[PDB]
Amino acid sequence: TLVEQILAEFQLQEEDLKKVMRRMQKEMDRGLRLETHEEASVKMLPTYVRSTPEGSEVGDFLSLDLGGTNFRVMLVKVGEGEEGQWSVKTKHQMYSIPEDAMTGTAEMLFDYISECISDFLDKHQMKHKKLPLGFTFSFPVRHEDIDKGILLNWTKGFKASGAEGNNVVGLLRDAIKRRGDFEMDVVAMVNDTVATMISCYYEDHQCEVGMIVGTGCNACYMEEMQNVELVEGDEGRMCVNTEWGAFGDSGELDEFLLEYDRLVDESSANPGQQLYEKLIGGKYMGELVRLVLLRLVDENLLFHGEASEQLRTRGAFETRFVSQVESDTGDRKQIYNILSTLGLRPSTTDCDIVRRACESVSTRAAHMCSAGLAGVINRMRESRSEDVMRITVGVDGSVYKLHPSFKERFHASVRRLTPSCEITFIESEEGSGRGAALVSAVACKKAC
């Protein structure tokens, strides 16, 4: 119980969740209003992706995806189905993100990107073509239009100087031209939430929400134009990028933050920012467990109070370890191997204890995240005149898709918080690639 008392600090009662939920809805409202959009922790960034303005140009598009620690480039074919347009990835390629490409400059960053876009073109005998380019850029961006927007700031660790504040599309072209080797036509730039939402739409027209729970955590949803005061017009609907990862950045979550959270935040590449996300995202989950394990050792409750060399090094406990630990069938073989690799020799009780630490940290991520989505869905519920609101949520991300029970816990908690709502969850198959392309196909009936 001494150990369970420490782990109990991660618990969240239903009331705590309803409180986080109400606060999220309140910050969402603040991010939308002209008078509070500037100081709002939840930016509610207009994406310019508007309510299905029929008219799609078919053909083959190129989709770029930057956000994860693995830059991807792919070709997707957009055609005309019954429901709407169909889409499919035909060719793809992944390029790891180099060191000097991160510490360097925004200039270099996109320089290397062009090198990858080219390589992809050569290796697929296609460098001799000019096609529409859909760019999935997973970061907070203030758009002026579907093909123009500036980077507010980096998240998830990226830190290329000379990026924040400039037209991201601009940087892309600026580098694509330092090549001549090829020429693309950037028709649209979207956030990964938006790409996932769009791709699921054609599968289920009721999907009006996109959510990511992977390295980072965020969501987007369809808003009524009259509520998007940062964009002239009251007619139609536009998708908004909440960037709820920064929820709590103005102290909204102060009463829930634990010592491990303050520690993770203080050593992060962005101290004081993305606090809500630091409670959920796979970029921080393993690190949280590591800190919890370290306190347990200093309390002399784990590993005989003797921490390994590796255990004391940041990022050693990878988020994938958390997921594997929770997949252990009960024979503790999985847990032992993982801890043995980190230079430890755990007992049966040490293993069970690491298991509990993981479940506490991941279970809190699931519930904390559920409050956010519940806030989004209930906010939308106010503008939905009907007994039972049926809505679909498009989801992607390693934490949500691969963690043994995150998904399950998350679903049950979200439903508990959304009375009068019938929520359907769908996972995207190449949500980003196909999403970016599908949006380029519509916006391309204006730029092409």
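Superpose the two forms; the largest set of C-alphas matching within 1.5 Å is the rigid core. Start at 1 with the first residue shown and count on from there.
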Report task. Quick one: core-superposed, which stretch strays further from the shown model in 8 other deposited structures of this protein, 368-376 or 116-124? Go by RMS C-alpha distance. Result -> 116-124
Query - Higher-deviation segment by CA RMS in 8 other deposited structures of this protein, core fitted, 381-389 or 396-404 - result: 381-389
Query raised in the report: What about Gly84, is it left unmodelled in a third or more of the other PDB entries we looked at?
Result: yes
Report task. Check the entry's C-alpha temperature factors for 252-260 and 272-280, then say which stretch has the higher mean. Result -> 252-260
**Report entry** Residue stretch of maximal mean CA temperature factor, 5-13 vs 436-444
**Finding:** 436-444
Query raised in the report: So among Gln206, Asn337, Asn191, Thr103, who wins on Cα B-factor in the entry?
Result: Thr103
Query raised in the report: Out of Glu422, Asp396, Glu35, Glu57, which shows the largest CA B-factor listed in the entry?
Result: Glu57
Query - Chain-relative CA temperature factor third for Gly84 - result: highest
Report summary line: Assert third(CA B-factor, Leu133) within chain per record equals highest
Query raised in the report: Within this chain, which third does the Cα B-factor at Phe158 fall in: lowest, middle or highest?
Result: highest
Query raised in the report: Split the chain's modelled residues into thirds by Cα B-factor; is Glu39 in the lowest, middle or highest one?
Result: middle
Query raised in the report: With respect to C-alpha B-factor, does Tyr112 fall in the lowest, middle or highest third of the chain as deposited?
Result: highest
